[PDB]
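Heads up: the structure comes next, in structure tokens.
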Amino acid sequence: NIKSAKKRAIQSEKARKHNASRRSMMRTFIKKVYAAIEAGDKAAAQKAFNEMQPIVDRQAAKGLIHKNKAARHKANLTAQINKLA
Amino acid sequence: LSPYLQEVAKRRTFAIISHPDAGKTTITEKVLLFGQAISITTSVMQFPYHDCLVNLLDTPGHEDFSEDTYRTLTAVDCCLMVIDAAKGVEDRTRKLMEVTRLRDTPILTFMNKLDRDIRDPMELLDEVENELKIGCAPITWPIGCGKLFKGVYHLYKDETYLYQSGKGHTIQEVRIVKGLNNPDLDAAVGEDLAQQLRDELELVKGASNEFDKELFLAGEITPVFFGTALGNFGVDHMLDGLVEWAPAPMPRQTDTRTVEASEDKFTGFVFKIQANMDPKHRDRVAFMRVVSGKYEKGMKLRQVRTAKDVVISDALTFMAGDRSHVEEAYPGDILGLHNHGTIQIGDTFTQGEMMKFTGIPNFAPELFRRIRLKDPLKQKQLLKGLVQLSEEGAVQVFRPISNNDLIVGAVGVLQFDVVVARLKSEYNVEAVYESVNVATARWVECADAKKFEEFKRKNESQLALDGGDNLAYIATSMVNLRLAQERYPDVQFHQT
Amino acid sequence: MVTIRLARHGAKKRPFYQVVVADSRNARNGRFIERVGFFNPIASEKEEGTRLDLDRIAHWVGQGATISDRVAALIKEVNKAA
Amino acid sequence: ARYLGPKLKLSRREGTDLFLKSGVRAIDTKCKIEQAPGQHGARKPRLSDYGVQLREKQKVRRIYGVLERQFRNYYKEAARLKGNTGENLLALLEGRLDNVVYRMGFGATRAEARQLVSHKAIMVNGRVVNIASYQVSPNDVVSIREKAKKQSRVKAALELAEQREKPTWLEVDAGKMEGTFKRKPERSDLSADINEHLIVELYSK
RNA sequence: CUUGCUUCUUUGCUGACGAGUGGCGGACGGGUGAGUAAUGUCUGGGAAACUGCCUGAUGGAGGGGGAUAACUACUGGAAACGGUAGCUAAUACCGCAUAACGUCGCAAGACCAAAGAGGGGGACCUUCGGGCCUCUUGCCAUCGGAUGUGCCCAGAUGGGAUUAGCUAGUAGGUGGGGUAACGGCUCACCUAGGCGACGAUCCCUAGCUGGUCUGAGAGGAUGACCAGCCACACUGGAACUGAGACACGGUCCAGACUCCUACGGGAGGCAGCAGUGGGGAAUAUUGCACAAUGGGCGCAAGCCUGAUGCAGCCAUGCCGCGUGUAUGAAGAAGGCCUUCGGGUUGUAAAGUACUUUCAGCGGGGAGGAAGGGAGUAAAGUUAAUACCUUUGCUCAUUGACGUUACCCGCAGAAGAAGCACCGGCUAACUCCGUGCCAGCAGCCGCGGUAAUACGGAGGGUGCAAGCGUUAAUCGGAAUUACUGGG
Ligand SMILES: Nc1nc2c(ncn2[C@@H]2O[C@H](COP(=O)(O)OP(=O)(O)CP(=O)(O)O)[C@@H](O)[C@H]2O)c(=O)[nH]1
């Protein structure tokens, strides 16, 4: 529709790559740790967990993650990596 | 030296009037080209023109038509005539000159159809000056006869232009030759034909008069102009004459005195209710006389005949024919407003001057056939929408008491206008015609109180409702009107 | 955001306001938590012109209710020392 | 709203004197009362139960000048009050302002009292009242404003007030035309003739 | 050229302000009940939760970097609408330091953030960009309160058995993933369970409720206007932004319908306010203003608000007032009846004396108005009598309604009464005209040449700016009987 307030549309377009791209790289790091779960190497699992922890806490800080999803990821992933180790 | 009056002077009026089959539509469509912007409609073109902003106002040209122009030649200060040579000065032109002599309008004429055969110029000017008893002063004359018209030779401008064929679609320019006695012009045109043209210009200089400015306002010696409407040539020189010859828009008569074009209290009364094309709505029209007073966006008009303060903020300007946005303008223009069955023809407007004008021309029409409601479902579109057309000057719908056989009033003959108008968004009934005899003039009359009551009493089955809740009597013969005159209806008479 | 505001009840050309605690996303005559007091602007000098219970108002101030201009003017009308 | 017609035909129609033609003059005997209500008034009717109910209702109404919807509103107001309906209905009929102006003697008939109320002359408690159906509260004072006081029309019609019973529940000053309203009238004080029970019978079904 | 009178190019240096980046609002206000028989609503509980804007408490707010719009040069398209190559700012974006009762973990341990702006100024210091001191406001993290939202259970919430079997992500469990959160919400494995005659599955209908009407009550229909919830935004599906939408005036795709085109492609969704076509017996103005409230943004002044406050139309419903009152017999004229004596219309009308509600006109004139702006004084704050908050106090004031409500004056009964019925139910009688015809009628029923029933006249009755008819609900109808039948 013809409206002066169409700026929130394309600006959300300006969002829908970048923030989501961050989410993209976030979940791939999570999937990387799942590769360690398919690897059996507990040292590589600990290294991947230490690699994914500050970026997922930063994504929980920037409003994308609501600090309970990332808490659930840290919880069940910590449970997997100390059940394996 | 305020700019308000300086652009009052930049607003001028030329409507157009002519003979049937003369070329109103082609010349208006080609003046649409000149500013970078049969016959059943009216159209107003304001303009995007450079020097001034001179309005147009079309009208259907016939004898059964053109009851529009009897009351909108009162609106327009000037007059454009279009006369063909095959048609000449006929009864149409005599009726239009009988109209224009009553108000002394300045008249510039335009001889059209230069592609076909045209008689001798002196014979046509003698026909004008004899059958109109009004002189003229020619400026040019084109070349020869038939299809040989390929130039224009000015006298008071001393400019010689040539012509190219097939320019009806695009705007093209032909090169300019300055001199009058140029032998290269005689080689490009033709030597003997140019010598005949120079001899005819010498006959013009020896058998005519010169131009006037104070007698141009009365219209005694009306100037002529030449050229075709299809060849994109002859009307390009009209614009300079429209700028230079036409005056300021004149004052118009009221009951008290003439109201000038420098005062206030906007005098925009309604001239025509036009034959409306309906996308989704009516709005009825408001063509106005707002010569006096510059518009305001939130102005509150005053209906004088009902004496009410009516807030009207929406006003349409006719920019290039399309009904444009909400726009205010400079005085000397014609608007269009949004009415719903409230304003009739000639309803005056001021800001407190509770007086009336001297207009209201056009009264009565012959009585044609009927409404008999084919596909009789949904009668309400003709019980409203033709009574909507009953406020117009061409149509006055007559309702008899028996609730069937409703008479369409026509003052002309061709009722195909209403038949085509019955195929609109709110018009869906056909009503194909036949022959039914109802004779003439349902002469409208509404007498003073206590005396027309017994007249309703004695022949209560012989009345008929009209458009606008009137009761003329009933007109089947002249003998019944003689009995009505014998019945003595003393009346405060208004014709409507 | 909760607020204390007028509700504009009454009849046509007869206003009768209802000072009331309600959320800002609710309508004027819409949903409210509870009502406290009332105000009548056309109330001339008679037996009663304005009732206003300051205890619940102080309780909603202790919760974070934003007071509008007319309600603050009614608080300055119902003065603690006057 | 108002009848404005044959006010003396109604007294022949009910048979009893409805006091619509009270006037300066006494009991008229100028219309052949009780023997000619109309054209076929010599007939003796069957006069059934609903007949006497309707005659009693229209008798009380054309005494008090109240229309039917308005009297049904008075019955609905009297039905929800305490005590009994029949006393409360006649108390609400007496509580009309034009009836109080009639009992004070400020006008000969009831329509004259209604006109005197309507023409901004009757003023109670310092506030002028135009509606004749004004419910008169107890302990009020009614009078006439100084711009409309004693233009003779109150005066001679006050002499009729010297011939009436002059009831107990209201007192007139008769020196400055300032009446004084008092407690509500008892059933055994107002005119001793009309029957509320037939009205209760008619509005009970 | 009247040399400080006027003309006039630069100049963001100010008051302010198109467009642009950014923050908030757009998820509220408004419209409709299409869909929906339980994914909905109501009643009552519950935890496995969220919560911007409001507010309380406790701490931080340190140090850096890279792009980009707007702006330039070229260029595509008719328009809608961009692309390429450069420059720049932020409360826009992204790293680094730093953390706690915050997140994970049994603990050890690991990790997580920001943003600064506006006003005034003493000393010092000014590369003279300003630091610095104070106030206001904004930001980040946590614990909370309130508000609103998400989720679960029980009961209640139409008909049909001429609908008796339904279900395969179906029922449960384990494990992985996903949601602010439990959850077959979603996938891998195991078992055959689960619903149902106290109506499962299927069809039709329907937004639900507080409530409305009727009824003594129990009940019956309804739920239109006021209000709460749900659902929808030409149809369907889908995600993003955002705390809150899987979105009326946001995006994309597929379909239907109008319009433009320079034919390459685009614009649109009044179940918003107005208004129009069509439908139908039936429903309004393309009006004024933020004066007041409320909502959004801003410190504030100010801006928007078709919500609202009103104005216009419609007797649609209720209420009130008036259309005169007193007197007035020759018991006039005219109409109707008659036993032609007379009666009725009828104190009705004429006449006389007063008065003018409401309309017409001419003048005063509240209240809906609180606030906000400027100036002054005092108390806080601070180094500060400067800035800012608050309270008295002085001035100019803020009304669409509005030619306001209301009051006074002018004139003249002057402008203002109709509709149904008259055999019984049920209020009221005759005459004339047809003649089982014309016709009336809610039921019984009249009219066949003496009609209290049809039509007309007179008179009366009833209601009153309304009156009759039609359509719907309840009562009477205890003729759906649970109260209260056989
Ligand atoms: N070749 C040519 N044909 C012309 C010219 N002017 C008019 N015509 C033709 O003459 C006819 C006139 O058409 P039109 O413009 O409608 O005439 P009109 O004057 O508007 C009709 P009316 O007088 O009723 O309003 C058309 O066929 C048009 O093509 C001209 O200059 N050249």
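Chain labels A, B, ... are given in the sequence in which chains occur in the structure tokens; within each chain residues are numbered consecutively from 1, and ligands are likewise numbered from 1 in the order shown.
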**Prompt:** Using only C-alpha atoms (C1' of nucleotides) and all ligand atoms, which protein or nucleic acid residues are at most 6 Å from ligand 1, as a PyMOL selection string?
**Reply:** chain B and resi 19-26+38-39+60-61+113+115+228-231
Resulting file, chosen residues, N, CA and C atoms, as a JSON list (two decimals), in the first residue's frame:
[["chain", "number", "residue", "atom", "x", "y", "z"],
["B", 19, "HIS", "N", -21.80, 25.90, -36.66],
["B", 19, "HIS", "CA", -22.76, 25.12, -37.42],
["B", 19, "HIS", "C", -22.59, 23.64, -37.09],
["B", 20, "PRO", "N", -23.63, 22.81, -37.29],
["B", 20, "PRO", "CA", -23.40, 21.36, -37.29],
["B", 20, "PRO", "C", -22.43, 20.93, -38.38],
["B", 21, "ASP", "N", -21.61, 19.91, -38.08],
["B", 21, "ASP", "CA", -20.52, 19.39, -38.91],
["B", 21, "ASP", "C", -19.49, 20.46, -39.27],
["B", 22, "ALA", "N", -19.06, 21.27, -38.30],
["B", 22, "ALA", "CA", -18.11, 22.35, -38.61],
["B", 22, "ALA", "C", -16.70, 22.05, -38.11],
["B", 23, "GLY", "N", -16.56, 21.34, -37.00],
["B", 23, "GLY", "CA", -15.22, 21.05, -36.51],
["B", 23, "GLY", "C", -14.86, 21.60, -35.14],
["B", 24, "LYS", "N", -15.83, 21.64, -34.22],
["B", 24, "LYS", "CA", -15.55, 22.02, -32.83],
["B", 24, "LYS", "C", -14.57, 21.05, -32.17],
["B", 25, "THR", "N", -14.83, 19.75, -32.34],
["B", 25, "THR", "CA", -14.08, 18.72, -31.63],
["B", 25, "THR", "C", -12.63, 18.68, -32.08],
["B", 26, "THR", "N", -12.40, 18.81, -33.39],
["B", 26, "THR", "CA", -11.05, 18.73, -33.94],
["B", 26, "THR", "C", -10.21, 19.92, -33.49],
["B", 38, "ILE", "N", -23.44, 12.64, -33.68],
["B", 38, "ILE", "CA", -22.28, 13.51, -33.49],
["B", 38, "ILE", "C", -22.55, 14.42, -32.30],
["B", 39, "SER", "N", -21.48, 14.72, -31.54],
["B", 39, "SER", "CA", -21.40, 15.79, -30.54],
["B", 39, "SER", "C", -22.43, 15.72, -29.42],
["B", 60, "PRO", "N", -22.95, 21.08, -27.54],
["B", 60, "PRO", "CA", -23.44, 20.34, -28.72],
["B", 60, "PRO", "C", -24.12, 21.27, -29.70],
["B", 61, "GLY", "N", -23.66, 21.25, -30.95],
["B", 61, "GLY", "CA", -24.19, 22.16, -31.95],
["B", 61, "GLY", "C", -25.23, 21.59, -32.89],
["B", 113, "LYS", "N", -12.13, 23.79, -42.61],
["B", 113, "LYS", "CA", -12.15, 22.82, -43.71],
["B", 113, "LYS", "C", -11.42, 23.32, -44.96],
["B", 115, "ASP", "N", -9.08, 21.69, -46.44],
["B", 115, "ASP", "CA", -8.65, 20.60, -47.31],
["B", 115, "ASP", "C", -9.63, 20.36, -48.44],
["B", 228, "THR", "N", -6.95, 25.34, -41.59],
["B", 228, "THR", "CA", -7.62, 24.07, -41.41],
["B", 228, "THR", "C", -7.46, 23.58, -39.97],
["B", 229, "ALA", "N", -8.36, 22.69, -39.56],
["B", 229, "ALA", "CA", -8.28, 22.09, -38.24],
["B", 229, "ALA", "C", -7.56, 20.75, -38.24],
["B", 230, "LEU", "N", -7.31, 20.17, -39.42],
["B", 230, "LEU", "CA", -6.69, 18.85, -39.46],
["B", 230, "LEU", "C", -5.21, 18.93, -39.79],
["B", 231, "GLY", "N", -4.80, 19.98, -40.51],
["B", 231, "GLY", "CA", -3.44, 20.07, -41.00],
["B", 231, "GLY", "C", -2.44, 20.64, -40.03]]
**Item:** Test item: residues at most 9 Å from residue D:114, only C-alpha atoms (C1' of nucleotides), excluding those fewer than 5 positions along its chain, as a PyMOL selection string
**Value:** chain D and resi 97-99+101-102+109+119+130-132
Go ahead and write the selection's residues with N, CA, C and O atoms as a compact mmCIF listing (two decimals), in the first residue's frame.
# COMPACT_ATOMS: atom_id res chain seq x y z
N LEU D 97 -48.64 19.49 39.12
CA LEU D 97 -48.54 20.91 39.46
C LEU D 97 -49.81 21.67 39.09
O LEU D 97 -50.26 22.54 39.85
N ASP D 98 -50.39 21.36 37.93
CA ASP D 98 -51.60 22.04 37.49
C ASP D 98 -52.79 21.72 38.39
O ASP D 98 -53.67 22.57 38.58
N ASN D 99 -52.81 20.53 38.99
CA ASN D 99 -53.86 20.20 39.95
C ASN D 99 -53.69 21.02 41.23
O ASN D 99 -54.68 21.44 41.84
N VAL D 101 -52.30 24.04 41.33
CA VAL D 101 -52.71 25.38 40.93
C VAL D 101 -54.24 25.48 40.84
O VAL D 101 -54.84 26.51 41.17
N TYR D 102 -54.89 24.37 40.46
CA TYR D 102 -56.35 24.33 40.44
C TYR D 102 -56.93 24.35 41.85
O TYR D 102 -57.93 25.02 42.11
N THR D 109 -60.94 26.87 35.74
CA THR D 109 -60.96 25.46 35.38
C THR D 109 -59.54 24.88 35.42
O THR D 109 -58.57 25.55 35.78
N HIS D 119 -47.46 29.11 30.73
CA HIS D 119 -47.06 30.43 30.22
C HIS D 119 -46.11 31.16 31.16
O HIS D 119 -46.15 32.39 31.26
N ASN D 130 -42.68 24.95 33.67
CA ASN D 130 -43.61 24.98 32.55
C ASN D 130 -44.43 23.71 32.41
O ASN D 130 -45.56 23.76 31.92
N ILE D 131 -43.88 22.57 32.83
CA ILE D 131 -44.57 21.30 32.66
C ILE D 131 -45.64 21.15 33.73
O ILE D 131 -45.36 21.28 34.93
N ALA D 132 -46.87 20.88 33.30
CA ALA D 132 -47.98 20.73 34.24
C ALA D 132 -47.91 19.41 34.99
O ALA D 132 -48.56 19.26 36.03
Helix (DSSP H, G or I) call set, DSSP backbone run, stretch 96-194 of chain B, as a CSV table (one decimal) with N, CA and C atoms, in the first residue's frame:
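In the end it all went to part-v4.csv:
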chain,number,residue,atom,x,y,z
B,96,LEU,N,-27.4,31.9,-33.7
B,96,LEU,CA,-26.3,32.3,-32.8
B,96,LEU,C,-26.0,33.8,-32.8
B,97,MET,N,-26.2,34.4,-34.0
B,97,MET,CA,-26.0,35.9,-34.0
B,97,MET,C,-27.1,36.6,-33.3
B,98,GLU,N,-28.3,36.1,-33.4
B,98,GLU,CA,-29.4,36.6,-32.6
B,98,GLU,C,-29.2,36.5,-31.1
B,99,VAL,N,-28.5,35.4,-30.7
B,99,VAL,CA,-28.0,35.3,-29.3
B,99,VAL,C,-27.0,36.3,-29.0
B,100,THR,N,-25.9,36.4,-29.8
B,100,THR,CA,-24.7,37.2,-29.4
B,100,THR,C,-25.0,38.7,-29.6
B,121,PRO,N,-13.1,34.1,-51.8
B,121,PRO,CA,-13.1,34.8,-50.5
B,121,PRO,C,-14.0,36.0,-50.4
B,122,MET,N,-14.0,36.8,-51.5
B,122,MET,CA,-14.9,38.0,-51.5
B,122,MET,C,-16.3,37.7,-51.5
B,123,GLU,N,-16.7,36.6,-52.2
B,123,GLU,CA,-18.1,36.1,-52.2
B,123,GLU,C,-18.5,35.7,-50.8
B,124,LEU,N,-17.6,35.0,-50.0
B,124,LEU,CA,-18.0,34.6,-48.7
B,124,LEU,C,-18.0,35.7,-47.7
B,125,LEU,N,-17.1,36.7,-47.9
B,125,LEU,CA,-17.2,37.9,-47.0
B,125,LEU,C,-18.4,38.7,-47.3
B,126,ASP,N,-18.8,38.8,-48.6
B,126,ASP,CA,-20.1,39.5,-48.9
B,126,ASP,C,-21.3,38.8,-48.4
B,127,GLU,N,-21.3,37.4,-48.4
B,127,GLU,CA,-22.3,36.6,-47.8
B,127,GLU,C,-22.4,36.9,-46.3
B,128,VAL,N,-21.3,37.0,-45.6
B,128,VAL,CA,-21.3,37.3,-44.2
B,128,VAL,C,-21.8,38.7,-43.9
B,129,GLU,N,-21.3,39.7,-44.6
B,129,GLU,CA,-21.7,41.1,-44.4
B,129,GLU,C,-23.1,41.4,-44.9
B,130,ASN,N,-23.7,40.5,-45.8
B,130,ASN,CA,-25.1,40.7,-46.2
B,130,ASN,C,-26.1,39.9,-45.3
B,131,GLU,N,-25.9,38.6,-45.1
B,131,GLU,CA,-26.8,37.8,-44.4
B,131,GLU,C,-26.6,38.0,-42.9
B,183,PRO,N,10.7,36.9,-54.9
B,183,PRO,CA,10.5,36.0,-56.1
B,183,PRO,C,10.8,34.5,-55.8
B,184,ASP,N,11.6,34.2,-54.7
B,184,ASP,CA,11.8,32.9,-54.3
B,184,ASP,C,10.5,32.3,-53.7
B,185,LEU,N,9.7,33.1,-53.1
B,185,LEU,CA,8.3,32.7,-52.6
B,185,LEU,C,7.5,32.4,-53.9
B,186,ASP,N,7.6,33.2,-54.9
B,186,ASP,CA,6.9,33.0,-56.1
B,186,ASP,C,7.3,31.7,-56.8
B,187,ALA,N,8.6,31.3,-56.7
B,187,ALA,CA,9.1,30.1,-57.3
B,187,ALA,C,8.7,28.9,-56.4
B,188,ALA,N,8.6,29.0,-55.1
B,188,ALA,CA,8.2,27.9,-54.2
B,188,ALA,C,6.7,27.7,-54.2
B,189,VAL,N,6.0,28.7,-54.4
B,189,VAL,CA,4.5,28.6,-54.4
B,189,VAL,C,4.0,28.4,-55.8
B,191,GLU,N,4.0,31.2,-59.6
B,191,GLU,CA,4.1,32.7,-59.9
B,191,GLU,C,2.7,33.3,-60.1
B,192,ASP,N,1.9,32.7,-61.0
B,192,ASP,CA,0.6,33.2,-61.4
B,192,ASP,C,-0.4,33.2,-60.2
B,193,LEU,N,-0.4,32.1,-59.4
B,193,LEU,CA,-1.2,32.0,-58.3
B,193,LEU,C,-0.9,33.0,-57.2
B,194,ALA,N,0.4,33.2,-57.0
B,194,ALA,CA,0.9,34.3,-56.1
B,194,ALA,C,0.5,35.7,-56.5
**Item:** atom CA of residue B:435 to atom CA of residue B:393, distance in Å rounded to a single decimal
**Value:** 23.6 Å
Using 8 Å as the limit and counting only C-alpha atoms (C1' of nucleotides), can you tabulate each residue of chain E that touches chain C, with its shortest atom-to-atom distance in Å and the two atoms involved, as a Markdown table?
| residue | atom | partner | partner_atom | distance |
| --- | --- | --- | --- | --- |
| E:28 | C1' | C:25 | CA | 4.8 |
| E:29 | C1' | C:27 | CA | 6.7 |
| E:53 | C1' | C:1 | CA | 6.2 |
| E:54 | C1' | C:64 | CA | 5.1 |
| E:55 | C1' | C:64 | CA | 4.3 |
| E:145 | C1' | C:63 | CA | 6.4 |
| E:146 | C1' | C:63 | CA | 5.9 |
| E:147 | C1' | C:2 | CA | 6.0 |
| E:227 | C1' | C:30 | CA | 6.9 |
| E:228 | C1' | C:31 | CA | 7.2 |
| E:293 | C1' | C:8 | CA | 6.2 |
| E:294 | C1' | C:28 | CA | 5.7 |
| E:295 | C1' | C:24 | CA | 7.5 |
| E:367 | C1' | C:42 | CA | 6.5 |
| E:368 | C1' | C:42 | CA | 6.5 |
| E:370 | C1' | C:70 | CA | 6.1 |
| E:371 | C1' | C:69 | CA | 7.6 |
**Prompt:** If we count only C-alpha atoms (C1' of nucleotides), what is near residue B:416 at a cut-off of 10 Å, once residues fewer than 5 positions away on the same chain are taken out, given as a list in words?
**Reply:** residues 40, 421, 422 and 433 of chain B
**Message:** Near chain A, meaning an atom within 9 Å, which residues of chain E appear when counting only C-alpha atoms (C1' of nucleotides)? Write them as a PyMOL selection string.
**Reply:** chain E and resi 26+103-105+110-113+179-180+240-241+249-251+268
**Request:** Residues of chain D no more than 10 Å from chain E, counting only C-alpha atoms (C1' of nucleotides): send them over as number ranges by chain.
**Result:** D: 1-9, 21-25, 30-31, 36-41, 43, 50-51, 54-55, 67-70, 107-120, 130-133, 151-153, 157
**Prompt:** Contacts of residue D:53 at 10 Å or less, counting only C-alpha atoms (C1' of nucleotides), minus same-chain residues fewer than 5 places along, as JSON, numbers by chain?
**Reply:** {"D": [47, 48, 58, 59, 195, 196, 197, 198, 199, 200, 201, 202, 203]}
Include N, CA and C atoms and write out the residues we just selected as a compact mmCIF listing (two decimals), in the first residue's frame.
# COMPACT_ATOMS: atom_id res chain seq x y z
N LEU D 47 -74.12 -2.12 30.00
CA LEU D 47 -73.23 -1.60 31.03
C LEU D 47 -72.54 -2.73 31.80
N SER D 48 -71.66 -3.46 31.12
CA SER D 48 -71.00 -4.62 31.70
C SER D 48 -69.84 -4.23 32.60
N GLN D 58 -61.90 6.51 32.19
CA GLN D 58 -62.00 7.72 31.38
C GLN D 58 -62.60 8.88 32.17
N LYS D 59 -63.42 8.57 33.18
CA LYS D 59 -63.94 9.60 34.07
C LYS D 59 -62.83 10.24 34.90
N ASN D 195 -63.73 5.96 42.10
CA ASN D 195 -63.44 4.58 42.49
C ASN D 195 -62.10 4.18 41.88
N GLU D 196 -61.09 3.98 42.73
CA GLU D 196 -59.79 3.53 42.25
C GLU D 196 -59.79 2.04 41.93
N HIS D 197 -60.74 1.29 42.49
CA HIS D 197 -60.72 -0.17 42.41
C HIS D 197 -61.00 -0.65 40.99
N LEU D 198 -61.86 0.06 40.27
CA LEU D 198 -62.13 -0.28 38.87
C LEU D 198 -60.91 0.00 37.99
N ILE D 199 -60.14 1.03 38.33
CA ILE D 199 -58.90 1.32 37.61
C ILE D 199 -57.86 0.23 37.88
N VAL D 200 -57.81 -0.26 39.13
CA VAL D 200 -56.94 -1.38 39.48
C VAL D 200 -57.36 -2.64 38.72
N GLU D 201 -58.68 -2.85 38.58
CA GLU D 201 -59.20 -3.99 37.83
C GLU D 201 -58.84 -3.89 36.35
N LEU D 202 -58.90 -2.69 35.78
CA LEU D 202 -58.62 -2.53 34.36
C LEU D 202 -57.13 -2.69 34.09
N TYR D 203 -56.27 -2.10 34.92
CA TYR D 203 -54.83 -2.21 34.72
C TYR D 203 -54.21 -3.45 35.35
**Prompt:** Where does DSSP see strand (DSSP E or B) in stretch 14-150 of chain D, if you list the residues as a ChimeraX atom specification?
**Reply:** /D:122-124,127-128,141-144
Output the selection as a short mmCIF file (atom, residue, chain, number, x, y, z; two decimals), in the first residue's frame - N, CA, C and O atoms for each residue.
data_model
loop_
_atom_site.label_atom_id
_atom_site.label_comp_id
_atom_site.auth_asym_id
_atom_site.auth_seq_id
_atom_site.Cartn_x
_atom_site.Cartn_y
_atom_site.Cartn_z
N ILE D 122 -46.41 30.33 36.87
CA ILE D 122 -46.38 29.56 38.12
C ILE D 122 -44.94 29.23 38.47
O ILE D 122 -44.20 28.67 37.65
N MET D 123 -44.53 29.58 39.69
CA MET D 123 -43.16 29.40 40.14
C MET D 123 -43.17 28.75 41.52
O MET D 123 -43.79 29.27 42.45
N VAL D 124 -42.49 27.61 41.65
CA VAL D 124 -42.37 26.91 42.92
C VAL D 124 -40.90 26.90 43.34
O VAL D 124 -40.01 26.66 42.51
N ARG D 127 -38.14 28.62 41.33
CA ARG D 127 -37.80 28.08 40.01
C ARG D 127 -39.09 27.95 39.22
O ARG D 127 -40.03 27.28 39.64
N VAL D 128 -39.14 28.61 38.05
CA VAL D 128 -40.34 28.58 37.23
C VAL D 128 -40.45 27.23 36.52
O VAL D 128 -39.46 26.67 36.04
N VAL D 141 -43.48 25.68 48.29
CA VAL D 141 -44.26 26.92 48.27
C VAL D 141 -44.42 27.34 46.81
O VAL D 141 -43.44 27.47 46.06
N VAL D 142 -45.66 27.50 46.37
CA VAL D 142 -45.97 27.87 45.00
C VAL D 142 -46.51 29.30 44.97
O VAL D 142 -47.20 29.74 45.90
N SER D 143 -46.15 30.06 43.94
CA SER D 143 -46.58 31.45 43.82
C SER D 143 -46.58 31.84 42.34
O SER D 143 -46.36 31.01 41.46
N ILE D 144 -46.83 33.12 42.08
CA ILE D 144 -46.84 33.69 40.74
C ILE D 144 -45.81 34.81 40.71
O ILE D 144 -45.73 35.60 41.66
#
